[PDB]
Amino acid sequence: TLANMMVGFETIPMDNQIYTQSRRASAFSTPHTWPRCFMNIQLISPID
Amino acid sequence: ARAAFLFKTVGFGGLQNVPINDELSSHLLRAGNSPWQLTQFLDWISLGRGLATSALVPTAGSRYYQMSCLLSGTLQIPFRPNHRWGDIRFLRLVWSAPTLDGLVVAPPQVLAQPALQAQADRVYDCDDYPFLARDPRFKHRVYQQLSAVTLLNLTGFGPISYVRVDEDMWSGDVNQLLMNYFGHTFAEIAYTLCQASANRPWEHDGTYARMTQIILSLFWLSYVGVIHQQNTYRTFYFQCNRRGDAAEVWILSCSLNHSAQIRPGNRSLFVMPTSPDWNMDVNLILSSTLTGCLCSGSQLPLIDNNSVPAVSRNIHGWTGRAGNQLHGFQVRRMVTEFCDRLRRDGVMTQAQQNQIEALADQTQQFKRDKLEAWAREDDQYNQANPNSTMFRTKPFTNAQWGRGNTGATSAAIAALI
Amino acid sequence: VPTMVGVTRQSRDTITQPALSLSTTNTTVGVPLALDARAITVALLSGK
Amino acid sequence: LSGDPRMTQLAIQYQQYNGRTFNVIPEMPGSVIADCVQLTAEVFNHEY
Amino acid sequence: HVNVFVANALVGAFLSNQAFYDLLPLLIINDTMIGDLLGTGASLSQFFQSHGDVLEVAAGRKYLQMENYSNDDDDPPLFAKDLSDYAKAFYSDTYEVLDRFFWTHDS
Amino acid sequence: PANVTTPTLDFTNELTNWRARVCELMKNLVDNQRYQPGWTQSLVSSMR
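Taken in sequence, the protein lines are chains S, C, W, P, Z and U. Mapping the first sequence onto the entry's author numbering, position 33 (from 1) lands on 683, and the numbers just tick up by one. Mapping the second sequence onto the entry's author numbering, position 277 (from 1) lands on 278, and the numbers just tick up by one. Mapping the third sequence onto the entry's author numbering, position 16 (from 1) lands on 858, and the numbers just tick up by one. Mapping the fourth sequence onto the entry's author numbering, position 35 (from 1) lands on 1022, and the numbers just tick up by one. Mapping the fifth sequence onto the entry's author numbering, position 73 (from 1) lands on 182, and the numbers just tick up by one. Mapping the sixth sequence onto the entry's author numbering, position 4 (from 1) lands on 750, and the numbers just tick up by one.
This is the structure in structure tokens:
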């Protein structure tokens, strides 16, 4: 949700093309949908 | 991911001519002039009602064998040194276009002209023809059929089945995508998956590729009796209620309190069953189609040169000096292995396993008698028509009726776990 | 994280067809409840 | 009463996203009615 | 080490007097010019565009035509090197993946 | 590509360049020595 508001100000990488940074969070109701970029904080650029 | 495309023409087993007659070719081209069609090779059968028996097509494998011989002759025309696509008729067959998407009745002057003098066992490289080299996607799509044909040609005995295991395949929501087929029969899932692969090419390490590999692995483990409700893999297993059934199909199933244990590692290999009943075996041919698609998607290791016929040894795209060894298992003996593992587990009574074995023996005797009778009919036909000689199916021996170390291979599969 | 809870009626030794059950239909292990966030937050900020 | 009256043993389990699972099976407590029934059944066979 | 692609883009911005202060941190090469560029998503699509590793644009002119040039026979040809825009070409780390990218890419 | 959900007007356009070039060509035709004399110097300034 925060990433969705942050789009165009802070950038979040998505491991899968199908799932988007603006993808509704409610779609991510399960762990298997937890993003790999989301799973590792270090993987996400602190600068991004 | 396979990067080299080449094929070798089929060699007549002591025949001086391709073992097909114009009648057989017409039957194969019942309403179509493109052999590339998968349904062209086999009329899809749903099992139980599966298995096509015909005067020209005693088995679907018989039809595929005839298709292979016809394709081997026709393909040589654009693979001739000229590589011309429409100038001459091979048995009155003319390719419609340079891409050779379709074939047509030979022109009357061309019909008068002689057919292409195809040479047996001609190994060819796909890149040699320019139009195919021009379209990579087209070339890869055509290569699926070429790979299946080459694999059948490569096996002097029964065809091997490629099985690999990856836990990373378990990882992912693609597992949930596989779970979309939960409660589906193996055959139904295979037809849909094959259709999806036909729809588009996939990554050699593609999520679809891992899923197909998992499906094949589960089916084979279930077939050997390797995986059961009492031996579930993560609780996921293909389950067939009755072994030896006309269309017994392991169906994705879940068992609680019976999780199986698997050694960590990655294992990929091909096993070729000794029994000749595979012609009437829908699962084996479906597995062959999936394995061929898998080979088009990814370049597997070259199989052992000793594991391959000497003439075909050191095939650049298929045979290597060090490679996997084919595993030969009689279908009846393998069903016995499935029963024995369950008996050893104690899930089923010894009497029940014996009853299953008796049913299998009865089915095998009936099928063997029918195949031997077809063999006599074919020899009689060949004597009757030297001018129009043809083979309904690649010739078979009573030797194939034997187990051929099915038990040794079963121990090997158990060791593979 | 647990995904779901299921029940079995037969003894372990028996081998039988797995059939549809009520628990399987609901992915959620527990009954889902949606409530007014503002009211709860206000209560959390207002206790004496 | 939904079905499966012929159930040898009840068992219940839940599984994790990693796939680990927990199964709970209770031990059957006997019914006085059943033992009395067996005795009466033998008596009926003698006194039918 | 600093990003050569970044250095060249910064030269272009300064010449057009555009602000590259935002890209100044991006200027230092951290590990892979390709990796660093793949990470960056800022600026106009026109200013610089990379599809993953692949990026298609024009490199710097080999020759600069001056005002005196009359396209004379004695004048040396610049073979389109002088052209501010001559072509856009896709740079990428691996040829096989590049071809896969170009499987349906216009040729 | 545009970088904002609320972009600001940009004149660095091929169409804008085309419009400017066409105007400049016309202005030069106006500044033609054999064409400018007829047009009033005030009209010339206005047209430019």
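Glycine included, C-beta positions come from ideal geometry on N, C-alpha and C.
| query | result |
| --- | --- |
| Proximal chain U residues relative to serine 154 of chain Z, where beta-carbon distance stays under 7 Å | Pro747 |
| Beta-carbon spacing of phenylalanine 239 of chain C, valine 250 of chain C below 9 Å | yes |
| Residue ranges of each alpha helix (DSSP H) within the stretch 125-175 of chain C, 4 or longer | 131-135, 137-155, 168-171 |
| Identity of the residues DSSP links to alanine 998 of chain P by a beta bridge | W:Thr850 |
| Bridge partners - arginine 765 of chain U, DSSP secondary structure assignment | DSSP output for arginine 765 of chain U lists no bridge partner at all. |
| Cβ of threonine 850 of chain W within 9 Å of any chain C Cβ | yes |
| Cβ neighbour criterion (16 or more within 10 Å) applied to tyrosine 224 of chain C | buried |
| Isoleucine 89 of chain C versus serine 73 of chain C: straight-line alpha-carbon distance, rounded | 16 Å |
| 6 Å Cβ shell around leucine 207 of chain Z - same chain, five flanking residues per side excluded | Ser201 |
| Residues in the stretch 172-183 of chain C having any Cβ partner in chain S nearer than 8 Å | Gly173, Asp174, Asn176, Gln177 |
| Below-9 Å beta-carbon distance, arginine 393 of chain C vs any chain P residue | no |
| Residue-chain proximity (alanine 128 of chain Z, chain U), Cβ-Cβ < 9 Å | no |
| Unbroken beta strand (DSSP E) run spanning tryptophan 45 of chain C, endpoints | Careful: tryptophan 45 of chain C lies outside any beta strand (DSSP E) and carries neither H nor E. |
| C-beta neighbour in chain C for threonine 683 of chain S, strict 9 Å | yes |
| Proximity of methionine 281 of chain C and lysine 368 of chain C at Cβ, strictly below 9 Å | yes |
| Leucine 178 of chain C and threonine 208 of chain C closer than 9 Å at C-beta | yes |
| 3-residue-minimum beta strand (DSSP E) runs that sit fully inside the stretch 252-326 of chain C, ordered along the chain | 252-255, 268-272 |
| Assumed close pair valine 272 of chain C, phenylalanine 330 of chain C - CB separation to whole angstroms, cut-off 8 Å | 7 Å |
| Environment of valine 312 of chain C [buried if 16+ CB atoms lie within 10 Å] | exposed |
| Chain-ordered chain Z contacts of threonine 661 of chain S [CB-CB under 8 Å] | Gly150 |
| Exposure label - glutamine 145 of chain C; buried when at least 16 CB within 10 Å | buried |
| Reference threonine 320 of chain C, options C:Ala385, C:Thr156, C:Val336, C:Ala261, closest by Cα | C:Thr156 |
| CA nearest to the CA of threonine 75 of chain C, picked from C:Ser63, C:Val58, C:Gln120 | C:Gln120 |
| N-terminal and C-terminal residue of the beta strand (DSSP E) that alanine 198 of chain Z is part of | 198-200 |
| Inter-stretch contact at 8 Å, needing at least 3 Cβ pairs: the stretch 870-885 of chain W / the stretch 247-267 of chain C | no |
| Integer-rounded CB distance, given that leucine 29 of chain C should sit under 8 Å from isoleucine 78 of chain C | Contact flag wrong, Cβ pair sits at about 17 Å. |
| Amino acids of chain Z, ordered along the chain, whose beta-carbon sits closer than 7 Å to that of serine 695 of chain S | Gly148 |
| Opposing strand residues paired with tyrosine 238 of chain C [DSSP bridges] | C:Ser254 |
| Within chain W, partners of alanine 1021 of chain P - CB distance below 7 Å | Result: empty, since nearest Cβ-Cβ is about 17 Å, beyond 7 Å. |
| Residues from the stretch 860-880 of chain W in contact with chain C, defined by Cβ distance under 8 Å | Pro860 |
| Inter-residue spacing [alpha-carbon to alpha-carbon] between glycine 658 of chain S and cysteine 195 of chain C | 42 Å |
| Cβ of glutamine 174 of chain Z within 9 Å of any chain U Cβ | no |
| Interface residues of chain W facing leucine 222 of chain C [CB-CB closer than 8 Å] | Under the 8 Å cutoff, chain W gives no residues; its nearest Cβ is about 16 Å from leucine 222 of chain C. |
| Contact with chain Z by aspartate 665 of chain S, beta-carbon distance below 9 Å | no |
| Selection from C:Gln262, C:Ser297, C:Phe339, C:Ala247 that minimises the alpha carbon distance to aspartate 278 of chain C | C:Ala247 |
| 9 Å Cβ cutoff, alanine 998 of chain P in contact with chain D | Absence of chain D from the displayed structure is noted, the protein chains being S, C, W, P, Z and U. |
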